[PDB]
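*Asks:* What follows is a structure written as structure tokens; I'll ask about it next.
Residue numbers (this note's numbering), protein chains in the order written: chain A, 188 to 399; chain B, 18 to 236; chain C, 4 to 104.
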């Protein structure tokens with residue numbers, strides 16, 4: 188079948204710049220190629236059909252071009268609202284095939300995370316559980332390392348970290364760190380500390396709450 | 018207005034058979050092809066096949082390790098897809114799309130229905146509120162949130178309802194642990210507005226047909 | 004082998020040409036992948052009535068492939084006076100006016 192291969196999946200660019208996600212088909216798909224945009228937790232959205240036809244409700248900063256076997260989706264003056272997953276699809280013949288997609292990411296100035304720490308909810312403690320939460324928000328670059336310290340000593344057991352995609356407002360990343368303990372454990376201690384190590388700080392950026 | 022309303026997400030036993038519905042409105046149902054696109058969580062997009070609602074003609078991606086069947090009920094203007102002999106391989110978000118008049122590309126997609134093939138039982142999540150401790154008197158903004166813990170299958174929607182016009186929300190992808198998915202969402206608002214304003218995260222879990230409303234309270 | 008009537012919209016390439024023989028020759032671009040399929044084309048008097056009044060000179064117009072962007076050549080003998088060359092139906096029906104002196 189026709190194989191659709193797009194340019195490097197994790198490409199970067201800076202707001203306002205011009206980018207080009209390319210799409211190669213294993214054979215001449217005679218100009219019959221479309222591009223879709225897919226934002227986190229959203230249905231795909233049609234951008235371009237037949238290599239260059241721009242769909243309505245699509246800003247002219249989005250232009251496609253291509254033929255034979257090569258197709259390009261150019262985004263002039265990239266915006267933060269353009270952060271998304273982009274797929275190309277050939278509509279030359281069945282079976283219809285899509286490219287693996289290209290994730291548009293942005294380059295921006297570094298930014299120190301704003302750390303927030305949260306104790307277990309009254310609701311959960313009452314149920315036998317105890318989860319402590321830490322949000323490291325609006326920071327850049329994505330690279331960041333967080334550690335939990337209970338009464339001074341580090342604890343890695345029972346931790347889960349989840350990163351967000353780049354935020355469309357300030358193009359920063361955010362991460363959620365959850366430490367799950369038993370009600371008993373949580374109540375035998377006092378100081379819960381969440382420490383963030385990021386390039387925007389020489390020392391660990393830390394936040395704590397203080398009771399069991 | 019062309020729109021496609023699909024059936025809700027569902028958890029099915031492997032081997033079982035399911036039917037996803039796709040109700041079309043806002044256009045001449047019979048003059049178009051409804052596409053069925055599959056997307057396994059970590060994967061991209063793959064064409065399952067389509068059906069010309071007006072004639073019933075079907076085209077299947079023969080090579081897919083899955084048994085699909087398309088039917089079009091022109092009476093209700095609904096396209097269905099029957100998936101039998103389910104496998105963990107068929108677990109994915111299934112989209113309903115409309116094939117454009119000018120080619121085999123889709124110009125309208127449904128919001129997708131999530132199908133999880135597993136012998137595990139449906140577990141709604143516990144929605145725990147996330148509020149600051151005691152001695153902190155945060156700066157110009159306070160960040161609150163909700164921890165959506167221990168649920169299955171995946172895909173939950175966390176929509177926040179705040180009283181302040183400023184509410185920057187961050188939704189963090191779910192992660193598996195002990196067979197259960199855990200996830201969270203944060204929302205930041207003006208410090209002056211909390212805890213006087215009402216900030217709640219309504220957590221929708223289509224698979225369990227539930228939606229939990231959590232009003233944040235000072236912890 | 005062969006299927007039903009083409010379900011996708013077509014596109015006119017250029018503009019119908021007079022053959023100086025009483026017929027017009029037009030080139031169409033088909034956008035579907037459902038071929039081989041029969042081209043739904045006809046010469047009608049008014050858009051208010053799609054009853055074929057003109058006649059196709061080209062024998063059973065068809066898209067012989069199951070690949071998109073297929074182009075097809077058609078010769079028609081439209082009635083005298085006003086008429087329309089209509090291709091497709093439903094929401095993907097397109098037409099082109101014409102007048103034969």
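Backbone N, C-alpha and C define an ideal beta-carbon position, used for all residues, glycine too.
Can you tell me the Cα-Cα spacing of residue 305 of chain A and residue 399 of chain A, whole angstroms?
*Replies:* 12 Å
*Asks:* Whose C-beta lies closer than 6 Å to the C-beta of residue 320 of chain A among residues of the same chain, with five residues either side of it excluded?
*Replies:* 305, 365
*Asks:* What are the boundary residues of the alpha helix (DSSP H) that residue 164 of chain B is part of?
*Replies:* It is not in any alpha helix (DSSP H) - residue 164 of chain B instead sits in the beta strand (DSSP E) that spans 158-168.
*Asks:* Any residues in the stretch 29-43 of chain C with a beta carbon nearer than 9 Å to a beta carbon of chain B? Which ones, in chain order?
*Replies:* Residues of the stretch 29-43 of chain C with a C-beta less than 9 Å from any C-beta of chain B: 34, 35, 36, 37, listed in chain order.
*Asks:* Mind listing which residues of the stretch 85-112 of chain B have their C-beta closer than 9 Å to chain C's C-betas, in chain order?
*Replies:* none
*Asks:* Enumerate, from N- to C-terminal direction, the unbroken beta strand (DSSP E) stretches of 3 or more residues contained entirely within the stretch 76-109 of chain B.
*Replies:* 84-90, 95-101
*Asks:* Thinking C-beta only, is residue 324 of chain A closer than 8 Å to residue 38 of chain B?
*Replies:* No; because the gap between Cβ atoms is not below 8 Å, this pair is not in contact.
*Asks:* Taking 8 Å as the limit between beta carbons, can you name the residues of its chain near residue 20 of chain C, skipping five residues before and five after?
*Replies:* 27, 28, 29
*Asks:* Does the beta carbon of residue 392 of chain A fall short of 7 Å from some heavy atom of the ligand ADP?
*Replies:* Among the components of this structure there are no ligands whatsoever, and the ligand ADP is therefore not found.
*Asks:* Using the Cβ count rule (16 or more neighbours within 10 Å means buried), how would you classify residue 62 of chain C?
*Replies:* exposed
*Asks:* Per DSSP, residue 88 of chain C is paired with what?
*Replies:* Residue 88 of chain C is bridged to C:46, C:99.
*Asks:* Could you list which residues in chain B have their beta carbon closer than 9 Å to that of residue 354 of chain A, in chain order?
*Replies:* The contacting residues are 185, 187.
*Asks:* Using beta carbons (cut-off 8 Å, strictly below), is residue 12 of chain C in contact with chain B?
*Replies:* yes
*Asks:* I need the straight-line Cα distance from residue 89 of chain C to residue 90 of chain B, nearest angstrom please.
*Replies:* 29 Å
*Asks:* With respect to the beta strand (DSSP E) encompassing residue 22 of chain B, which residues constitute its N-terminal and C-terminal limits?
*Replies:* 20-23
*Asks:* With distances taken from CA atoms, which of B:151, B:47, B:179, B:106 is nearest residue 29 of chain B?
*Replies:* B:106
*Asks:* What span of residues does the alpha helix (DSSP H) with residue 371 of chain A cover, start to end?
*Replies:* 370-374
*Asks:* Does any C-beta atom of chain A lie closer than 8 Å to the C-beta of residue 222 of chain B?
*Replies:* no
*Asks:* Could you name the residues of the same chain whose beta carbon sits closer than 7 Å to that of residue 211 of chain A, not counting the 5 residues immediately before and after it, in chain order?
*Replies:* Excluding positions up to five away in sequence, the list reads 192, 256, 257.
*Asks:* Consider the Cβ of residue 71 of chain C: report whether some Cβ of chain A lies at a distance smaller than 8 Å.
*Replies:* yes
*Asks:* Please list the terminal residues of the continuous beta strand (DSSP E) segment that includes residue 225 of chain A.
*Replies:* 220-225
*Asks:* With H, G and I counted as helix, E and B as strand and the rest as coil, what does DSSP make of residue 188 of chain B?
*Replies:* strand
*Asks:* Which residues bound the alpha helix (DSSP H) around residue 312 of chain A?
*Replies:* 309-312
*Asks:* In chain order, what residues of the same chain have a beta carbon less than 8 Å from the beta carbon of residue 201 of chain A, not counting five sequence neighbours either side?
*Replies:* 265, 293, 294, 295
*Asks:* Please report the Cβ distance between residue 65 of chain B and residue 55 of chain B, rounded to the nearest whole angstrom; I am assuming they are in contact, meaning their Cβ atoms lie under 8 Å.
*Replies:* Between the beta-carbon of residue 65 of chain B and that of residue 55 of chain B there is about 5 Å, and that keeps the pair under the 8 Å contact cut.
*Asks:* Please give the ranges of any beta strand (DSSP E) in the stretch 180-236 of chain B, keeping only runs that are unbroken, at least 3 residues long and fully inside the region.
*Replies:* With a minimum length of 3 residues, the continuous beta strand (DSSP E) runs that stay inside the stretch 180-236 of chain B are 185-194, 197-207, 217-222, 227-232.
*Asks:* Alpha carbons only, please: which of A:274, A:368, A:207 is nearest the one belonging to residue 344 of chain A?
*Replies:* A:368
*Asks:* DSSP has residue 146 of chain B in a bridge; who is on the other side?
*Replies:* B:163
*Asks:* If we define contact as Cβ-Cβ less than 8 Å, is residue 73 of chain B a contact residue for chain C?
*Replies:* no
*Asks:* If contacts are defined as beta-carbon pairs under 8 Å, then residue 155 of chain B and residue 149 of chain B qualify, I think. What distance do you get, rounded to the angstrom?
*Replies:* 7 Å
*Asks:* Leaving aside the five residues before and after residue 338 of chain A along the sequence, list all residues of the same chain whose C-beta is less than 8 Å from its C-beta, in chain order.
*Replies:* 376, 377, 378
*Asks:* Please state whether the Cβ-Cβ distance between residue 287 of chain A and residue 394 of chain A is less than 8 Å.
*Replies:* no
*Asks:* Kindly indicate which three-state DSSP category residue 357 of chain A falls into: helix, strand or coil?
*Replies:* coil
*Asks:* Kindly identify the DSSP beta-bridge partner or partners of residue 73 of chain C.
*Replies:* C:33
*Asks:* For residue 49 of chain B, decide whether its Cβ has a neighbour in chain D, counting only Cβ atoms nearer than 8 Å.
*Replies:* Checking the listed chains, one finds no chain D in this structure; the protein chains it contains are A, B and C.
*Asks:* Going by beta carbon distance, what residues of the same chain come within less than 6 Å of residue 274 of chain A, once the five residues before and after it are set aside?
*Replies:* 223, 285, 286, 288
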